[PDB]
Amino acid sequence: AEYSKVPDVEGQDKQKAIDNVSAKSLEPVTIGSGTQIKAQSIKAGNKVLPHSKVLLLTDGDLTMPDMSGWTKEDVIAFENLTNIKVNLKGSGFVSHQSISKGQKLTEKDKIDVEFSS
Amino acid sequence: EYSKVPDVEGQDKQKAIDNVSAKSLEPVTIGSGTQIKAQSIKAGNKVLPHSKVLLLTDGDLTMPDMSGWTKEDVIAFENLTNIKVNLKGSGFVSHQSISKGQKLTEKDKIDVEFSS
């Protein structure tokens, strides 16, 4: 397998989903303070580059991840997964986010991220 | 109702266009060549019907018409061409700093702005 095939982890408890994504040589990133996975950012069965991120939305409250070092593709994945609009400033890797990691998000929220080399 | 992206890398440009359209997807070609060099989505992946598959041709890189594109489409263009795009706003593309058809080189930079 040159590409990693993304596993189906929707409906799994949070830690099981983390373990299952990591076992496919992918990087799981969880979003929210819940205990089960509600949605994943890449469709199960699709193939992606190894060690790329798979965003996992938990049930319960949506909370802000640490986007440090993310790519534009990672951030837009967050936008599409959560329906929270993000402004991307510049190019490169995320060097700043307007909402600190851990904060509960209300969908009335908006996010500004800055990229740098 | 997902569609499976076909493998059109290396195909004749028109054949690739026809093959992507036959999967209910929107092919968008980038460049003025006659053979496909790269596609923006991995062949075999399931995507929403009528979503765009960007197709880089050989020959010269040239600017597509991005009007109405989503941010995801524009980021796909940046990754496919290695031309940095600055994305201003959210929604659908309403302006691009380089007119459609113009030859591009990787020392070009593109500003794109969005609206609802």
# chains A, B, ... in the order shown; residues from 1 in each chain; ligands from 1
$ residues_around --residues "region 17-21 of chain A" --least-positions-apart "2" --cutoff "10 Å" --atoms "only C-alpha atoms" --output "CSV table (one decimal) with C-alpha atoms, in the first residue's frame"
chain,number,residue,atom,x,y,z
A,4,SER,CA,-3.0,4.7,3.3
A,5,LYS,CA,-6.7,3.7,3.1
A,6,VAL,CA,-8.8,5.7,5.6
A,7,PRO,CA,-10.7,3.4,8.0
A,8,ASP,CA,-14.3,3.7,8.9
A,9,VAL,CA,-14.2,5.0,12.5
A,10,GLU,CA,-17.6,6.8,12.6
A,11,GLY,CA,-19.5,5.5,15.6
A,12,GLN,CA,-16.5,4.2,17.4
A,13,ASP,CA,-15.5,5.4,20.8
A,14,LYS,CA,-12.9,8.2,20.6
A,15,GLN,CA,-9.8,6.2,21.6
A,23,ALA,CA,-2.7,1.9,12.7
A,24,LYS,CA,-3.2,2.9,9.1
A,25,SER,CA,-0.2,5.2,9.3
A,26,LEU,CA,-2.4,8.3,9.5
A,27,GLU,CA,-2.6,11.1,12.0
A,28,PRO,CA,-5.9,11.4,13.8
A,29,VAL,CA,-7.0,14.8,15.1
A,30,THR,CA,-10.1,14.9,17.3
A,36,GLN,CA,-17.6,8.9,20.3
A,37,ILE,CA,-16.8,9.8,16.8
A,40,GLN,CA,-14.6,12.0,9.8
A,51,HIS,CA,0.8,10.4,7.8
A,53,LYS,CA,-4.4,14.1,9.0
A,54,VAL,CA,-7.8,12.7,9.5
A,55,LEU,CA,-10.1,15.0,11.4
A,56,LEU,CA,-12.5,13.3,13.8
$ interface_residues --of "chain B" --to "chain A" --cutoff "8 Å" --atoms "only C-alpha atoms" --output "short mmCIF file (atom, residue, chain, number, x, y, z; two decimals) with N, CA, C and O atoms, in the first residue's frame"
data_model
loop_
_atom_site.label_atom_id
_atom_site.label_comp_id
_atom_site.auth_asym_id
_atom_site.auth_seq_id
_atom_site.Cartn_x
_atom_site.Cartn_y
_atom_site.Cartn_z
N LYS B 42 -7.01 11.49 -6.20
CA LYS B 42 -6.52 10.14 -6.40
C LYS B 42 -7.56 9.28 -7.10
O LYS B 42 -8.71 9.19 -6.67
N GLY B 44 -9.86 6.40 -8.07
CA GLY B 44 -10.54 5.41 -7.26
C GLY B 44 -11.23 5.98 -6.04
O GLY B 44 -12.07 5.31 -5.44
N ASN B 45 -10.90 7.21 -5.66
CA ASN B 45 -11.53 7.81 -4.50
C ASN B 45 -12.96 8.19 -4.83
O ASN B 45 -13.30 8.53 -5.97
N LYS B 46 -13.82 8.09 -3.82
CA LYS B 46 -15.23 8.44 -3.95
C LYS B 46 -15.42 9.92 -3.61
O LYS B 46 -14.97 10.39 -2.57
N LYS B 71 -13.36 27.13 -1.87
CA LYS B 71 -12.01 27.21 -1.34
C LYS B 71 -11.26 25.90 -1.54
O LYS B 71 -10.07 25.90 -1.88
N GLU B 72 -11.96 24.77 -1.37
CA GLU B 72 -11.35 23.47 -1.61
C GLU B 72 -10.84 23.34 -3.04
O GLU B 72 -9.76 22.76 -3.26
N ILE B 75 -7.61 25.51 -3.29
CA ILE B 75 -6.48 24.86 -2.63
C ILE B 75 -5.98 23.68 -3.44
O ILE B 75 -4.77 23.44 -3.54
N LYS B 84 1.38 29.53 -5.27
CA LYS B 84 0.73 29.97 -4.05
C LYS B 84 -0.48 30.82 -4.38
O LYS B 84 -0.41 31.74 -5.20
N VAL B 85 -1.60 30.51 -3.74
CA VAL B 85 -2.82 31.29 -3.88
C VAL B 85 -3.16 31.88 -2.53
O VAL B 85 -3.21 31.17 -1.52
N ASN B 86 -3.39 33.19 -2.50
CA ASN B 86 -3.87 33.86 -1.30
C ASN B 86 -5.39 33.93 -1.36
O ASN B 86 -5.95 34.48 -2.31
N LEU B 87 -6.05 33.34 -0.37
CA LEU B 87 -7.50 33.22 -0.34
C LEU B 87 -8.06 34.29 0.59
O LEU B 87 -7.72 34.31 1.78
N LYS B 88 -8.91 35.16 0.06
CA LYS B 88 -9.48 36.26 0.82
C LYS B 88 -10.99 36.07 0.92
O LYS B 88 -11.69 36.10 -0.09
N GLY B 89 -11.47 35.89 2.14
CA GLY B 89 -12.89 35.72 2.36
C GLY B 89 -13.32 34.27 2.33
O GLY B 89 -12.52 33.34 2.30
N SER B 90 -14.64 34.09 2.35
CA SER B 90 -15.24 32.76 2.30
C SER B 90 -16.40 32.78 1.32
O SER B 90 -16.91 33.84 0.94
#
$ select_by_dssp --residues "chain B" --states "strand (DSSP E or B)" --output "VMD selection string"
chain B and resid 3 to 4 12 26 to 30 35 to 39 46 to 47 52 to 57 61 to 62 85 to 88 92 to 96 103 to 104 110 to 115
$ write_last_selection --atoms "N, CA, C and O atoms" --output "compact mmCIF listing (two decimals), in the first residue's frame"
# COMPACT_ATOMS: atom_id res chain seq x y z
N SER B 3 -19.37 9.29 -6.65
CA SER B 3 -18.74 8.94 -7.91
C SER B 3 -17.29 8.55 -7.68
O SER B 3 -16.61 9.15 -6.84
N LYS B 4 -16.81 7.57 -8.44
CA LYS B 4 -15.43 7.12 -8.35
C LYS B 4 -14.59 7.87 -9.38
O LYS B 4 -14.89 7.81 -10.58
N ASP B 12 -4.80 11.29 -23.41
CA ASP B 12 -5.17 12.39 -24.28
C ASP B 12 -6.12 13.34 -23.55
O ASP B 12 -6.99 12.90 -22.78
N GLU B 26 -16.95 17.08 -12.85
CA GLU B 26 -16.61 18.23 -13.68
C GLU B 26 -15.12 18.27 -13.92
O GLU B 26 -14.37 18.65 -13.00
N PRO B 27 -14.63 17.93 -15.11
CA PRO B 27 -13.20 18.09 -15.39
C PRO B 27 -12.87 19.56 -15.63
O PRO B 27 -13.59 20.25 -16.36
N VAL B 28 -11.79 20.03 -15.02
CA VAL B 28 -11.28 21.37 -15.30
C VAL B 28 -9.83 21.22 -15.71
O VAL B 28 -9.00 20.76 -14.92
N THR B 29 -9.51 21.61 -16.94
CA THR B 29 -8.15 21.45 -17.40
C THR B 29 -7.34 22.71 -17.11
O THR B 29 -7.86 23.83 -17.11
N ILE B 30 -6.06 22.50 -16.85
CA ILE B 30 -5.15 23.58 -16.48
C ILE B 30 -3.93 23.43 -17.38
O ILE B 30 -3.26 22.39 -17.35
N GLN B 35 -1.99 16.45 -23.36
CA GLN B 35 -1.95 15.21 -22.61
C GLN B 35 -1.98 15.56 -21.13
O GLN B 35 -1.39 16.56 -20.71
N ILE B 36 -2.68 14.74 -20.35
CA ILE B 36 -2.82 15.02 -18.92
C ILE B 36 -1.57 14.56 -18.19
O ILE B 36 -1.12 13.42 -18.34
N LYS B 37 -1.02 15.45 -17.37
CA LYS B 37 0.16 15.16 -16.56
C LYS B 37 -0.20 14.73 -15.15
O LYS B 37 0.41 13.79 -14.60
N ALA B 38 -1.21 15.37 -14.55
CA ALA B 38 -1.56 15.10 -13.16
C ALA B 38 -3.03 15.44 -12.94
O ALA B 38 -3.58 16.33 -13.59
N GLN B 39 -3.66 14.71 -12.02
CA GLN B 39 -5.03 15.01 -11.60
C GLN B 39 -5.06 15.31 -10.11
O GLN B 39 -4.25 14.79 -9.33
N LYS B 46 -13.82 8.09 -3.82
CA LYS B 46 -15.23 8.44 -3.95
C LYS B 46 -15.42 9.92 -3.61
O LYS B 46 -14.97 10.39 -2.57
N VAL B 47 -16.07 10.65 -4.52
CA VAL B 47 -16.32 12.06 -4.32
C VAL B 47 -17.77 12.36 -4.67
O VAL B 47 -18.47 11.56 -5.30
N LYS B 52 -15.38 18.95 -8.83
CA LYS B 52 -14.37 19.19 -9.84
C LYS B 52 -13.16 18.29 -9.66
O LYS B 52 -12.71 18.02 -8.54
N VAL B 53 -12.64 17.81 -10.79
CA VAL B 53 -11.34 17.15 -10.85
C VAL B 53 -10.46 18.03 -11.73
O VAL B 53 -10.73 18.17 -12.93
N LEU B 54 -9.44 18.63 -11.13
CA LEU B 54 -8.52 19.47 -11.89
C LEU B 54 -7.52 18.59 -12.62
O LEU B 54 -6.97 17.64 -12.04
N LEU B 55 -7.30 18.89 -13.89
CA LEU B 55 -6.40 18.09 -14.73
C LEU B 55 -5.30 19.00 -15.25
O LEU B 55 -5.55 19.89 -16.07
N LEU B 56 -4.08 18.77 -14.78
CA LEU B 56 -2.92 19.49 -15.28
C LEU B 56 -2.45 18.86 -16.59
O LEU B 56 -2.21 17.65 -16.65
N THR B 57 -2.34 19.67 -17.64
CA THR B 57 -1.81 19.19 -18.91
C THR B 57 -0.29 19.33 -18.94
O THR B 57 0.31 19.99 -18.08
N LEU B 61 1.71 25.83 -18.32
CA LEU B 61 0.67 26.06 -17.33
C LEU B 61 -0.08 27.35 -17.67
O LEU B 61 0.53 28.37 -18.00
N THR B 62 -1.41 27.30 -17.61
CA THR B 62 -2.22 28.48 -17.92
C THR B 62 -3.36 28.61 -16.92
O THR B 62 -3.86 27.62 -16.40
N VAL B 85 -1.60 30.51 -3.74
CA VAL B 85 -2.82 31.29 -3.88
C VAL B 85 -3.16 31.88 -2.53
O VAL B 85 -3.21 31.17 -1.52
N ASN B 86 -3.39 33.19 -2.50
CA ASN B 86 -3.87 33.86 -1.30
C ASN B 86 -5.39 33.93 -1.36
O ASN B 86 -5.95 34.48 -2.31
N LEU B 87 -6.05 33.34 -0.37
CA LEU B 87 -7.50 33.22 -0.34
C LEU B 87 -8.06 34.29 0.59
O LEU B 87 -7.72 34.31 1.78
N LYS B 88 -8.91 35.16 0.06
CA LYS B 88 -9.48 36.26 0.82
C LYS B 88 -10.99 36.07 0.92
O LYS B 88 -11.69 36.10 -0.09
N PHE B 92 -17.78 31.56 -2.49
CA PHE B 92 -17.41 31.15 -3.84
C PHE B 92 -16.56 32.24 -4.49
O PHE B 92 -16.73 33.43 -4.19
N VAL B 93 -15.66 31.83 -5.38
CA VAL B 93 -14.72 32.77 -5.98
C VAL B 93 -15.48 33.82 -6.77
O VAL B 93 -16.32 33.51 -7.63
N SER B 94 -15.18 35.09 -6.49
CA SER B 94 -15.78 36.21 -7.19
C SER B 94 -14.76 37.07 -7.92
O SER B 94 -15.16 37.97 -8.67
N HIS B 95 -13.46 36.84 -7.72
CA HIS B 95 -12.43 37.59 -8.41
C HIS B 95 -11.11 36.82 -8.32
O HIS B 95 -10.82 36.20 -7.30
N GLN B 96 -10.34 36.88 -9.39
CA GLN B 96 -9.01 36.30 -9.45
C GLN B 96 -8.06 37.34 -10.03
O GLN B 96 -8.44 38.08 -10.95
N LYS B 103 -0.63 32.48 -19.39
CA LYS B 103 0.42 31.54 -19.05
C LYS B 103 0.97 31.84 -17.66
O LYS B 103 1.16 33.00 -17.28
N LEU B 104 1.23 30.78 -16.90
CA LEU B 104 1.73 30.89 -15.54
C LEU B 104 3.10 30.24 -15.42
O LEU B 104 3.42 29.31 -16.16
N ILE B 110 -1.01 34.27 -6.93
CA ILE B 110 -2.40 34.53 -7.31
C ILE B 110 -3.17 34.95 -6.07
O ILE B 110 -3.08 34.30 -5.02
N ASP B 111 -3.91 36.05 -6.18
CA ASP B 111 -4.87 36.45 -5.17
C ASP B 111 -6.27 36.10 -5.66
O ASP B 111 -6.64 36.43 -6.79
N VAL B 112 -7.04 35.43 -4.81
CA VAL B 112 -8.41 35.05 -5.10
C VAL B 112 -9.27 35.49 -3.93
O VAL B 112 -8.90 35.27 -2.77
N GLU B 113 -10.41 36.11 -4.22
CA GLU B 113 -11.35 36.50 -3.18
C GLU B 113 -12.71 35.85 -3.42
O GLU B 113 -13.08 35.54 -4.55
N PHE B 114 -13.43 35.64 -2.32
CA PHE B 114 -14.67 34.88 -2.28
C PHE B 114 -15.82 35.77 -1.81
O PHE B 114 -15.61 36.86 -1.27
N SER B 115 -17.04 35.29 -2.01
CA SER B 115 -18.23 35.92 -1.46
C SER B 115 -19.34 34.87 -1.40
O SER B 115 -19.16 33.74 -1.84
$ residues_around --residues "region 94-102 of chain A" --least-positions-apart "4" --cutoff "7 Å" --atoms "only C-alpha atoms" --output "ChimeraX atom specification"
/A:63-71,111-116
$ write_last_selection --atoms "N, CA, C and O atoms" --output "PDB file, in the first residue's frame"
ATOM      1  N   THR A  63     -15.183  21.742  19.989  1.00  0.00           N
ATOM      2  CA  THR A  63     -14.145  22.519  20.655  1.00  0.00           C
ATOM      3  C   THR A  63     -12.996  22.744  19.688  1.00  0.00           C
ATOM      4  O   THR A  63     -12.780  21.972  18.753  1.00  0.00           O
ATOM      5  N   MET A  64     -12.257  23.805  19.931  1.00  0.00           N
ATOM      6  CA  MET A  64     -11.262  24.263  18.966  1.00  0.00           C
ATOM      7  C   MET A  64      -9.984  23.438  19.056  1.00  0.00           C
ATOM      8  O   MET A  64      -9.420  23.299  20.144  1.00  0.00           O
ATOM      9  N   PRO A  65      -9.503  22.878  17.948  1.00  0.00           N
ATOM     10  CA  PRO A  65      -8.251  22.120  17.984  1.00  0.00           C
ATOM     11  C   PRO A  65      -7.049  23.054  17.968  1.00  0.00           C
ATOM     12  O   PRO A  65      -7.159  24.259  17.745  1.00  0.00           O
ATOM     13  N   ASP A  66      -5.883  22.470  18.233  1.00  0.00           N
ATOM     14  CA  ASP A  66      -4.619  23.156  18.005  1.00  0.00           C
ATOM     15  C   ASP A  66      -4.243  22.978  16.538  1.00  0.00           C
ATOM     16  O   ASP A  66      -3.834  21.887  16.120  1.00  0.00           O
ATOM     17  N   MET A  67      -4.394  24.040  15.750  1.00  0.00           N
ATOM     18  CA  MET A  67      -4.082  23.980  14.326  1.00  0.00           C
ATOM     19  C   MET A  67      -2.643  24.342  13.993  1.00  0.00           C
ATOM     20  O   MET A  67      -2.329  24.509  12.812  1.00  0.00           O
ATOM     21  N   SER A  68      -1.757  24.427  14.984  1.00  0.00           N
ATOM     22  CA  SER A  68      -0.364  24.761  14.707  1.00  0.00           C
ATOM     23  C   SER A  68       0.248  23.783  13.709  1.00  0.00           C
ATOM     24  O   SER A  68       0.164  22.563  13.880  1.00  0.00           O
ATOM     25  N   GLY A  69       0.854  24.326  12.654  1.00  0.00           N
ATOM     26  CA  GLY A  69       1.513  23.515  11.652  1.00  0.00           C
ATOM     27  C   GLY A  69       0.612  22.920  10.592  1.00  0.00           C
ATOM     28  O   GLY A  69       1.118  22.251   9.682  1.00  0.00           O
ATOM     29  N   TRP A  70      -0.698  23.136  10.672  1.00  0.00           N
ATOM     30  CA  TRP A  70      -1.610  22.571   9.689  1.00  0.00           C
ATOM     31  C   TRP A  70      -1.381  23.190   8.313  1.00  0.00           C
ATOM     32  O   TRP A  70      -0.838  24.290   8.174  1.00  0.00           O
ATOM     33  N   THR A  71      -1.806  22.460   7.285  1.00  0.00           N
ATOM     34  CA  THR A  71      -1.821  22.963   5.921  1.00  0.00           C
ATOM     35  C   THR A  71      -3.160  23.634   5.628  1.00  0.00           C
ATOM     36  O   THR A  71      -4.128  23.507   6.382  1.00  0.00           O
ATOM     37  N   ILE A 111     -13.239  32.051  12.507  1.00  0.00           N
ATOM     38  CA  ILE A 111     -11.852  31.741  12.825  1.00  0.00           C
ATOM     39  C   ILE A 111     -10.965  32.412  11.789  1.00  0.00           C
ATOM     40  O   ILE A 111     -11.237  32.324  10.587  1.00  0.00           O
ATOM     41  N   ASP A 112      -9.909  33.074  12.248  1.00  0.00           N
ATOM     42  CA  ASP A 112      -8.855  33.572  11.375  1.00  0.00           C
ATOM     43  C   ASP A 112      -7.590  32.777  11.660  1.00  0.00           C
ATOM     44  O   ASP A 112      -7.191  32.639  12.819  1.00  0.00           O
ATOM     45  N   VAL A 113      -6.976  32.233  10.614  1.00  0.00           N
ATOM     46  CA  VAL A 113      -5.699  31.550  10.757  1.00  0.00           C
ATOM     47  C   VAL A 113      -4.672  32.230   9.864  1.00  0.00           C
ATOM     48  O   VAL A 113      -4.991  32.757   8.793  1.00  0.00           O
ATOM     49  N   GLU A 114      -3.430  32.241  10.334  1.00  0.00           N
ATOM     50  CA  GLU A 114      -2.319  32.831   9.609  1.00  0.00           C
ATOM     51  C   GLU A 114      -1.317  31.743   9.268  1.00  0.00           C
ATOM     52  O   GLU A 114      -1.034  30.867  10.091  1.00  0.00           O
ATOM     53  N   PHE A 115      -0.791  31.798   8.052  1.00  0.00           N
ATOM     54  CA  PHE A 115       0.193  30.836   7.589  1.00  0.00           C
ATOM     55  C   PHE A 115       1.549  31.506   7.419  1.00  0.00           C
ATOM     56  O   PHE A 115       1.641  32.704   7.136  1.00  0.00           O
ATOM     57  N   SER A 116       2.603  30.712   7.592  1.00  0.00           N
ATOM     58  CA  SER A 116       3.966  31.188   7.419  1.00  0.00           C
ATOM     59  C   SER A 116       4.828  30.035   6.930  1.00  0.00           C
ATOM     60  O   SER A 116       4.445  28.865   7.019  1.00  0.00           O
TER      61      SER A 116
END
$ closest_residue --among "A:57, A:103, A:22, A:109" --to "residue 39 (chain A)" --atoms "only C-alpha atoms"
A:57
$ atom_distance --atom1 "CA of residue 49 (chain B)" --atom2 "CA of residue 79 (chain B)"
21.7 Å
$ atom_distance --atom1 "CA of residue 33 (chain B)" --atom2 "CA of residue 10 (chain B)"
11.6 Å
$ closest_residue --among "B:43, B:25, B:66, B:80" --to "residue 2 (chain B)" --atoms "only C-alpha atoms"
B:25
$ select_by_dssp --residues "chain B" --states "alpha helix (DSSP H)" --output "list in words"
residues 13, 14, 15, 16, 17, 18, 19, 20, 21, 71, 72, 73, 74, 75, 76, 77, 78, 79, 80 and 81 of chain B
$ write_last_selection --atoms "N, CA and C atoms" --output "mmCIF file, in the first residue's frame"
data_model
loop_
_atom_site.group_PDB
_atom_site.id
_atom_site.type_symbol
_atom_site.label_atom_id
_atom_site.label_comp_id
_atom_site.auth_asym_id
_atom_site.auth_seq_id
_atom_site.Cartn_x
_atom_site.Cartn_y
_atom_site.Cartn_z
ATOM 1 N N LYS B 13 -5.930 14.642 -23.755
ATOM 2 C CA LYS B 13 -6.682 15.624 -22.978
ATOM 3 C C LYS B 13 -8.185 15.438 -23.160
ATOM 4 N N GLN B 14 -8.643 15.288 -24.409
ATOM 5 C CA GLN B 14 -10.080 15.153 -24.627
ATOM 6 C C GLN B 14 -10.605 13.836 -24.066
ATOM 7 N N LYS B 15 -9.833 12.754 -24.201
ATOM 8 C CA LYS B 15 -10.244 11.483 -23.610
ATOM 9 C C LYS B 15 -10.397 11.612 -22.100
ATOM 10 N N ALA B 16 -9.466 12.312 -21.459
ATOM 11 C CA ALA B 16 -9.548 12.500 -20.014
ATOM 12 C C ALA B 16 -10.773 13.316 -19.627
ATOM 13 N N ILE B 17 -11.042 14.399 -20.363
ATOM 14 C CA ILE B 17 -12.252 15.185 -20.133
ATOM 15 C C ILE B 17 -13.483 14.293 -20.212
ATOM 16 N N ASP B 18 -13.577 13.499 -21.285
ATOM 17 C CA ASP B 18 -14.738 12.635 -21.477
ATOM 18 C C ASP B 18 -14.850 11.600 -20.365
ATOM 19 N N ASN B 19 -13.712 11.078 -19.904
ATOM 20 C CA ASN B 19 -13.741 10.021 -18.895
ATOM 21 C C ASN B 19 -14.168 10.562 -17.534
ATOM 22 N N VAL B 20 -13.759 11.788 -17.196
ATOM 23 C CA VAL B 20 -14.194 12.393 -15.938
ATOM 24 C C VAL B 20 -15.673 12.768 -16.007
ATOM 25 N N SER B 21 -16.106 13.367 -17.123
ATOM 26 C CA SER B 21 -17.522 13.694 -17.286
ATOM 27 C C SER B 21 -18.405 12.453 -17.251
ATOM 28 N N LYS B 71 -13.364 27.129 -1.873
ATOM 29 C CA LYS B 71 -12.010 27.213 -1.336
ATOM 30 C C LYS B 71 -11.263 25.903 -1.542
ATOM 31 N N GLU B 72 -11.955 24.774 -1.367
ATOM 32 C CA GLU B 72 -11.349 23.469 -1.606
ATOM 33 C C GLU B 72 -10.838 23.336 -3.037
ATOM 34 N N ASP B 73 -11.600 23.840 -4.017
ATOM 35 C CA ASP B 73 -11.138 23.800 -5.405
ATOM 36 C C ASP B 73 -9.860 24.604 -5.578
ATOM 37 N N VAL B 74 -9.816 25.795 -4.984
ATOM 38 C CA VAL B 74 -8.673 26.678 -5.160
ATOM 39 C C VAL B 74 -7.439 26.096 -4.481
ATOM 40 N N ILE B 75 -7.609 25.509 -3.293
ATOM 41 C CA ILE B 75 -6.480 24.863 -2.627
ATOM 42 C C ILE B 75 -5.981 23.677 -3.442
ATOM 43 N N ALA B 76 -6.897 22.921 -4.055
ATOM 44 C CA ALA B 76 -6.482 21.858 -4.967
ATOM 45 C C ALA B 76 -5.625 22.407 -6.102
ATOM 46 N N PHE B 77 -5.975 23.585 -6.620
ATOM 47 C CA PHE B 77 -5.164 24.179 -7.676
ATOM 48 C C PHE B 77 -3.769 24.514 -7.165
ATOM 49 N N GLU B 78 -3.679 25.082 -5.958
ATOM 50 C CA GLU B 78 -2.373 25.424 -5.407
ATOM 51 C C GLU B 78 -1.507 24.182 -5.262
ATOM 52 N N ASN B 79 -2.090 23.089 -4.765
ATOM 53 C CA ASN B 79 -1.311 21.878 -4.548
ATOM 54 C C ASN B 79 -0.934 21.222 -5.866
ATOM 55 N N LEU B 80 -1.781 21.358 -6.886
ATOM 56 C CA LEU B 80 -1.514 20.700 -8.156
ATOM 57 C C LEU B 80 -0.419 21.420 -8.932
ATOM 58 N N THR B 81 -0.393 22.749 -8.851
ATOM 59 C CA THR B 81 0.495 23.581 -9.651
ATOM 60 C C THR B 81 1.689 24.119 -8.877
#
$ residues_around --residues "residue 62 (chain A)" --least-positions-apart "3" --cutoff "8 Å" --atoms "only C-alpha atoms" --output "PDB file with N, CA, C and O atoms, in the first residue's frame"
ATOM      1  N   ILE A  31     -11.831  16.536  17.309  1.00  0.00           N
ATOM      2  CA  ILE A  31     -12.458  17.839  17.425  1.00  0.00           C
ATOM      3  C   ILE A  31     -13.698  17.645  18.279  1.00  0.00           C
ATOM      4  O   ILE A  31     -14.557  16.821  17.942  1.00  0.00           O
ATOM      5  N   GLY A  32     -13.755  18.329  19.413  1.00  0.00           N
ATOM      6  CA  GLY A  32     -14.868  18.205  20.329  1.00  0.00           C
ATOM      7  C   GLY A  32     -14.486  17.474  21.608  1.00  0.00           C
ATOM      8  O   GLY A  32     -13.451  16.814  21.709  1.00  0.00           O
ATOM      9  N   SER A  33     -15.369  17.606  22.599  1.00  0.00           N
ATOM     10  CA  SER A  33     -15.130  17.074  23.936  1.00  0.00           C
ATOM     11  C   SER A  33     -15.971  15.837  24.229  1.00  0.00           C
ATOM     12  O   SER A  33     -16.119  15.455  25.398  1.00  0.00           O
ATOM     13  N   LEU A  57     -14.601  14.339  14.273  1.00  0.00           N
ATOM     14  CA  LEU A  57     -15.548  15.137  15.035  1.00  0.00           C
ATOM     15  C   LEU A  57     -16.219  14.231  16.062  1.00  0.00           C
ATOM     16  O   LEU A  57     -16.790  13.196  15.702  1.00  0.00           O
ATOM     17  N   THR A  58     -16.115  14.591  17.341  1.00  0.00           N
ATOM     18  CA  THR A  58     -16.804  13.814  18.358  1.00  0.00           C
ATOM     19  C   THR A  58     -18.264  14.242  18.442  1.00  0.00           C
ATOM     20  O   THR A  58     -18.679  15.255  17.870  1.00  0.00           O
ATOM     21  N   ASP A  59     -19.050  13.458  19.176  1.00  0.00           N
ATOM     22  CA  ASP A  59     -20.365  13.919  19.582  1.00  0.00           C
ATOM     23  C   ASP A  59     -20.195  14.977  20.672  1.00  0.00           C
ATOM     24  O   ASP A  59     -19.080  15.371  21.020  1.00  0.00           O
ATOM     25  N   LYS A 104     -14.742  25.971  23.484  1.00  0.00           N
ATOM     26  CA  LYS A 104     -15.986  25.504  22.889  1.00  0.00           C
ATOM     27  C   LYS A 104     -16.408  26.424  21.746  1.00  0.00           C
ATOM     28  O   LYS A 104     -16.356  27.651  21.864  1.00  0.00           O
ATOM     29  N   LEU A 105     -16.814  25.824  20.627  1.00  0.00           N
ATOM     30  CA  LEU A 105     -17.226  26.565  19.438  1.00  0.00           C
ATOM     31  C   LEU A 105     -18.738  26.488  19.270  1.00  0.00           C
ATOM     32  O   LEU A 105     -19.353  25.457  19.561  1.00  0.00           O
ATOM     33  N   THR A 106     -19.329  27.575  18.771  1.00  0.00           N
ATOM     34  CA  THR A 106     -20.776  27.753  18.785  1.00  0.00           C
ATOM     35  C   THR A 106     -21.382  27.891  17.394  1.00  0.00           C
ATOM     36  O   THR A 106     -22.575  28.206  17.286  1.00  0.00           O
TER      37      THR A 106
END
